[PDB]
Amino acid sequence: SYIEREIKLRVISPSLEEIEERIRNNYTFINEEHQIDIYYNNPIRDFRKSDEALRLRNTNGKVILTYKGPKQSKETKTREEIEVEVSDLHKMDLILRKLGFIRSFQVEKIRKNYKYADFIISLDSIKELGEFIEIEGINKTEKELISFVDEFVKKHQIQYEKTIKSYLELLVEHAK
């Protein structure tokens, strides 16, 4: 069991490309991920009602199966997270479909990951949604994370809007 604690910002201004130039100076680039996500649902235990999730992710060809627990926070996306890498995405999907899970929706993004003193800054560009930033802390308190995010946006003059809604949620509303 690992506890995911992150803050998600919708970027109002400037673009991620401009933000990338402002942080390039003192933020060490890690890698870029092309992530295709398939979310599943248990027909008897709707994860939207229990606030859970089961996700099969393809990130640069690496296949990862992820369960996420209920949100334990209102100011950050605090959740239980358990992940394993699997050998074959198709056969993992088949097993899940054979076990009775149904594919709910798909999410796709390009994520650029930067690091800074136990903080993981992710520049997210979502297909048909827009540009977001996620900051995740390694063994950091909710106050430490909230405080750093405030410093990050001020230092780089970012106009933003916080949200604990997930990309999958944002994608649903945007459809209507």
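Numbering starts at 1 and runs along the sequence shown. So that the term is clear: the rigid core is the largest set of C-alpha atoms that superpose within 1.5 Å between two forms.
Averaged as a root mean square over residues and superposed structures in 5 other deposited structures of this protein, CA distances to the shown form are larger in 57-65; the pair compared was 110-118 and 57-65 with a core fit. The higher RMS C-alpha distance to the shown form in 5 other deposited structures of this protein, out of 35-43 and 139-147, belongs to 35-43, with every structure fitted on the core. The question of which stretch, 37-45 or 105-113, has the higher mean Cα B factor is settled in favour of 37-45.
Relative to its counterpart among 65-73 and 138-146, 138-146 has the higher mean temperature factor, C-alpha atoms as listed in the PDB entry. Taking the PDB entry at face value, the top CA B factor among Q159, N25, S15, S166 belongs to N25.
The PDB entry assigns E151 a C-alpha temperature factor belonging to the middle third of its chain's modelled residues. In the deposited entry, the Cα temperature factor of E4 sits in the middle third of values across the chain's modelled residues. Per the PDB record, residue ranking by Cα B-factor puts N31 in the middle third of the chain.
Sort the chain's modelled residues by C-alpha temperature factor and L129 lands in the highest third, per the entry.
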